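Protein chains in written order, with the deposited numbering: chain E, 18 to 486; chain D, 244 to 365; chain G, 256 to 302; chain A, 5 to 521; chain C, 251 to 300.
Ideal Cβ positions, reconstructed from N, Cα and C, are used throughout, including at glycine.
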Amino acid sequence: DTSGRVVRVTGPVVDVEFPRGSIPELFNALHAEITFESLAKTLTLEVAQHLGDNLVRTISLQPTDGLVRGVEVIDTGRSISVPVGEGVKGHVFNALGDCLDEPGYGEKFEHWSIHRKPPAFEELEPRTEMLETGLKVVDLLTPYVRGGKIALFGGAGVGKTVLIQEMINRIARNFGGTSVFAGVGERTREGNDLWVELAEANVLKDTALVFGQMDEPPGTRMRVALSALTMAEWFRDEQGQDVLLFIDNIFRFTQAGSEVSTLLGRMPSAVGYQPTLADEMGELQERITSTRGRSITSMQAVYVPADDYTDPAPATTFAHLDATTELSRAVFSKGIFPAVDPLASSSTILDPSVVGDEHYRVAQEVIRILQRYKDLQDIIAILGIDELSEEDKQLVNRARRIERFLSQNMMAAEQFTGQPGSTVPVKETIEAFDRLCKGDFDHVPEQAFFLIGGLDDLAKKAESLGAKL
Amino acid sequence: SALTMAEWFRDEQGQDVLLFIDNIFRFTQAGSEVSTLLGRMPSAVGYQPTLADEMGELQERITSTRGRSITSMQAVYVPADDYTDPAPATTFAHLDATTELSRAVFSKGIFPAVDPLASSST
Amino acid sequence: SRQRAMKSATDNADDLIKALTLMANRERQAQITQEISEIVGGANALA
Amino acid sequence: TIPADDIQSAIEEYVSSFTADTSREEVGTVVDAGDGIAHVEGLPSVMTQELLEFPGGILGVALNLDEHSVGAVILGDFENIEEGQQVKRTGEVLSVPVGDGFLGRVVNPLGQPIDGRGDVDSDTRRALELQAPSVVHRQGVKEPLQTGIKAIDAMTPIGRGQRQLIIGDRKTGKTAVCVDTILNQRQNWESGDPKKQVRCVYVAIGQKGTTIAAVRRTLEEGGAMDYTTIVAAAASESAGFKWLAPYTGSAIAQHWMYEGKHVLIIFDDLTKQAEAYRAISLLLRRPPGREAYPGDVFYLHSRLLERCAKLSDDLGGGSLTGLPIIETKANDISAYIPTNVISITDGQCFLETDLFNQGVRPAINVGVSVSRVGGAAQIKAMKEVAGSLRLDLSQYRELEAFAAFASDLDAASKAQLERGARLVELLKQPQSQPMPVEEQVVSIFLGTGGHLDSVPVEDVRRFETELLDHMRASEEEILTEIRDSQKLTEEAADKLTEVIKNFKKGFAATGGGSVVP
Amino acid sequence: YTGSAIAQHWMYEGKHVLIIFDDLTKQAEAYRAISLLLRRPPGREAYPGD
Ligand SMILES: Nc1ncnc2c1ncn2[C@@H]1O[C@H](COP(=O)(O)OP(=O)(O)OP(=O)(O)O)[C@@H](O)[C@H]1O
Ligand SMILES: [Mg+2]
């Protein structure tokens, strides 16, 4: 009757012919069954182009191996819809909304289309607001933006998963919010590891995981971020909850878009990215924002091709990023957690008109001292601390103290140690680092600064080693 | 044609052939002069898509079997002195010994202009 | 004087490395774009 | 001794058992054919990736389907295809025979032997595109897969179920690393324990046939063909074989992984497999992208490399470890296929030509090489003796500029310089000479404990060789209980120090001096 | 080709000729123009295959 039939199969690209008055809308999801017993499945096809003569060109989300010309294609009448609600917490999904750890779960939930518009112009916030996380280094040197975007530049063995757990904890406890993780181009080994680590830290109940993996066609890797963002938008708008979205290698979203553009026969652009690189990046990043009092904040891992920051993909991604947190192995080796590089990380709202005058002055003094210590570190390494000047040695001591006080006892560490995590206010952090820059703690041993909170914890840790204010 | 003569001397006469091929690259280059006229979409650097396949179906006949020796020696043109060019880069995998000549060694007046750090032998 | 001059030369070599790397990334992007233009030109000529 | 009537009665029972009853079959016709591609009108019921039978016993794969014809890739003997020939359906997608009969054989990317040693009896068949283990069907990578190379096992450890890309220019030692890894499983196979045995699959894509023969000879000289299968798509094979060879080698060794066995697979130069897929895709007129690649080449390699997994205990606990090989040009790891495979894998071993020419062999760049599994793929002894190795080597690399200014350096800095020189000499290793893990532990203990600070740099290799020889001959208890207990307790370390001191007072340096502290 | 034919007629009568092709690059570019105007598929730098 009103169902279509497959006409062409060229890899992941499938052309489908419908009756004259039954052509599906663009982005609609169509279903076609592969009946070969070894490869029997149900392909979902997203309408990509209207070719004319009742033909539509669609991108398949599953491998099309075993698909026959002429088979029935059913139009669902809607785009890809994911389950939304509180029930998605603690469960793993793919870009199609299928539960991975429990198949068939969430089929009776409300379903939301993943293609949505950003908030209207009159609903946007004209005022930038800082997100008070509770970590000293973040709140001081690279303050986050509420409803903003934070690039994350940490690899393996620098505590990136610990930082993700920490932010999940802090959004769930200090804001009453929820977390959505998007694994875009996720490795299945690392996805299983993330699942197990979140279940063992008891933060999975606060997080909804959406995995579009590497062994999948480009359409799923291109739509997984929209699926996770749709869940986050339901949590923000319908539940009234601050959300934290985690995008795995946002670059892989760009790369899957480029691959889909190549498969659809579109002429490439500069370097090669799809001609609509900026448009797709904007359509995604504009839905992450504050509206009606609630917000979605996003920590996104960014891959930079060839370390070239002028490459079109990082250049288009950085047009939407508000802060940068680079996790360093040199900081991780010194035992400082989180291993945030204070000199390499940054924020666009570390500005006297956003954070204030004293915040800015204290942060800039800290950065100056740390940069001078970085300059002296090589003279110390090759020659020795004994060769330095007197003011040089004094600054070295003060800078080691500031380095170690930038560390913190994180809430992701309560699973191992057993002692809770700190939430230091901005005022206390500003005052503590002002005093540290003056020199009020140059007699305290270094170890008294490792993994503590504010100034009370500093005093009680100092007097445990035999040192007063 | 020359390979067929050498293959007869190897497989029927059975005695110690020497095969010299001056610029086997030209073979490849010829295949790229007719590629688009044959209706083939071009590959990366303007070469035919069947570069490695034709080079393999030719280079695998230039060989010694068990008890039947063919010592082969080919000149390979490196286009624009670029050793990363697809044609020499896929010729590299068909060889037991490669003497690589550099124009940097040539310009210093050293002859034969062999690059000692880029050349190899199994 | 030698210490000061070597610090100056180190800063100069740093700035030169930075400028040369910018130029090299520009040439890399340009090479990829030009290669894609040639491939797509051939493919569109044959289509 | 010829089995004469064996042959006679064999073909006789075949010809008596030949009853090919005639049934219907849906057929098509070749309309055009060129360059390894054939288009076939008809066949309305053919599916994507279905095997087709062209006259003369020729096989093809239906890749492009449209309203006019089926574009198929010919798998061999393409020069026999003609316009007008009748093409038949097989009704099956590409599958391969699997089983333990493949250990010690060299096969096609179709399961057909090319070594001429007879037929291969197969357990069953396995489709080439069976999906990967789910995200909930897996397990953390916890068991080490010892390569026998000290640089890899100490710096970039590989675990059972992990994917460690081996990436380098050319003639940098990638095949040597992978063949040494294969040879290192000989003792595991000799143990007879299915928990320790590793079956190996070597996939040769687009290689000269004599190079595959040389690899097979190297594996036979070391007793490694008792547990190794070679899937060879030589350089003379079609682009379809070069495209299918890693999927054939991975379909085999998935039959083993799903039986609770542990497998190691090597895809030698996946770059050539990507080039073959690009040739097929350009001949099928699919839209090209960067470097003319089809646009689903990342999918081509990630679909293959995500089937290497560590299965959960409910699924048997088997594992498949992938060692894909990528050749770069001019050390350009930002090329398209290198970027893709670096993105896909769990770690990378980068091999440099300059490091090779300086004498550093294996030519691994320990600074940029990385394993994301890390210390979870090491035994405790190796995890303990190699923890102070990476920082030491980085300090040595930072201080290499001050080699001729030791008197102008801090005493600690000159100590770091000498220690780093010793450690760089310690990570060198001959070709085709893998070391068991207990001996690598003893060697890295020699290095990082300080027992080489008194040996000349140019004598470290000989000192380590002769000390390991001594301990293999005299003090077998240290190695034996390191291997059994997987750790180096304090009494074992004490006995090791004693043996090292006695050997030092016995050892004779090349400069005539004494290595006694 | 015109100059080379004029010269070859002399060469084939026992005479010695010297021909100078000033900027064969312009001749290659004119051939590229002709080939692109006949809509023959381009190669590198849009030059024809021949
Ligand atoms: N650890 C080593 N010590 C000494 N020599 C080595 C070592 N590894 C490799 N070689 C030598 O280097 C040469 C080339 O190595 P190999 O063939 O393994 O490199 P490859 O990566 O396979 O390069 P290609 O594929 O281009 O041949 C070989 O002849 C081998 O003898
Ligand atoms: Mg090799």
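Whole-angstrom C-beta distance between residue j and residue i, which should lie under 8 angstroms
i, j, result
"residue 381 of chain A", "residue 161 of chain A", "4 angstroms"
"residue 61 of chain E", "residue 113 of chain E", "6 angstroms"
"residue 208 of chain E", "residue 230 of chain E", "7 angstroms"
"residue 358 of chain A", "residue 143 of chain A", "Residue 358 of chain A to residue 143 of chain A, Cβ: 40 angstroms. No contact."
"residue 191 of chain A", "residue 434 of chain A", "Contact doesn't hold; Cβ gap of about 18 angstroms is too wide."
Assigned secondary structure, residue i (DSSP; H/G/I helix, E/B strand, else coil)
i, result
"residue 377 of chain E", "helix"
"residue 102 of chain A", "strand"
"residue 383 of chain E", "helix"
"residue 48 of chain E", "strand"
"residue 89 of chain E", "strand"
"residue 71 of chain E", "coil"
"residue 363 of chain E", "strand"
"residue 312 of chain A", "coil"
"residue 342 of chain D", "coil"
"residue 231 of chain A", "coil"
"residue 57 of chain A", "strand"
"residue 352 of chain A", "strand"
"residue 294 of chain D", "helix"
"residue 28 of chain A", "coil"
"residue 174 of chain A", "coil"
Segment limits, alpha helix (DSSP H) that includes residue i
i, result
"residue 93 of chain A", "First-last for residue 93 of chain A: 90 to 97, but that is the beta strand (DSSP E), not the alpha helix (DSSP H)."
"residue 219 of chain A", "213 to 225"
"residue 357 of chain A", "357 to 361"
"residue 252 of chain C", "252 to 261"
"residue 279 of chain C", "274 to 287"
"residue 263 of chain G", "257 to 301"
Delimiting residues of the beta strand (DSSP E) encompassing residue i
i, result
"residue 33 of chain A", "31 to 38"
"residue 98 of chain E", "98 to 101"
"residue 116 of chain E", "Here residue 116 of chain E belongs to no beta strand (DSSP E), and DSSP marks it neither H nor E."
"residue 65 of chain A", "62 to 69"
"residue 448 of chain A", "No beta strand (DSSP E) contains residue 448 of chain A, which is instead part of the alpha helix (DSSP H) from 441 to 453."
Cα-Cα separation between residue i and residue j, rounded to whole angstroms
i, j, result
"residue 35 of chain A", "residue 86 of chain A", "8 angstroms"
"residue 44 of chain E", "residue 353 of chain A", "42 angstroms"
"residue 120 of chain E", "residue 251 of chain E", "22 angstroms"
"residue 30 of chain E", "residue 277 of chain E", "9 angstroms"
"residue 82 of chain A", "residue 168 of chain A", "36 angstroms"
"residue 134 of chain E", "residue 276 of chain G", "40 angstroms"
"residue 33 of chain E", "residue 278 of chain A", "29 angstroms"
"residue 200 of chain A", "residue 274 of chain D", "51 angstroms"
"residue 238 of chain E", "residue 418 of chain E", "45 angstroms"
"residue 261 of chain G", "residue 375 of chain A", "38 angstroms"
"residue 203 of chain E", "residue 80 of chain A", "37 angstroms"
"residue 50 of chain E", "residue 90 of chain E", "8 angstroms"
Next item on the list: Please list the residues of the stretch 266 to 287 of chain D that have a C-beta atom closer than 7 angstroms to any C-beta atom in chain G, keeping them in chain order.
Entry: Within the stretch 266 to 287 of chain D, the qualifying residues are 279, 282, 284, 285 and 287.
Checklist line | chain E contacts made by the stretch 331 to 344 of chain A, where a contact means CB separation under 8 angstroms | finding: Those would be 338 and 343, in chain order.
Next item on the list: Check each residue of the stretch 265 to 284 of chain G: if its Cβ is closer than 9 angstroms to any Cβ of chain A, include it; give the result in chain order.
Entry: Within the stretch 265 to 284 of chain G, the qualifying residues are 283.
Item checked: Interfacial residues, the stretch 294 to 309 of chain D to chain A, with Cβ spacing under 7 angstroms -> Hits within the stretch, in order: 295, 296, 299, 300, 302, 303 and 306.
Notebook entry, point to check: Name the residues in the stretch 230 to 241 of chain A whose C-beta lies less than 7 angstroms from a C-beta of chain D; which are they?
Noted result: From the stretch 230 to 241 of chain A, only 238, 239 and 240 have a Cβ closer than 7 angstroms to chain D.
Next item on the list: Return the residues of the stretch 259 to 292 of chain C that lie within a Cβ-Cβ distance of less than 8 angstroms from chain G, sorted by chain order.
Entry: Here the close residues are 289, 290, 291 and 292.
Item checked: Contacting positions in the stretch 288 to 299 of chain G - beta carbon closer than 7 angstroms to chain D -> Of all residues in the stretch 288 to 299 of chain G, only 290, 293, 294, 297 and 298 come within less than 7 angstroms of chain D when Cβ atoms are compared, listed by chain position.
Check: Closer than 7 angstroms, Cβ to any Cβ of chain D: which residues of the stretch 299 to 316 of chain A, in chain order?
Finding: Listed by position along the chain: nothing, the set is empty.
Note to self: Taking beta-carbon pairs under 7 angstroms, can you tell me which members of the stretch 328 to 354 of chain D lie near chain A?
What the structure shows: Per Cβ criterion, the list reads 332, 335, 336 and 337.
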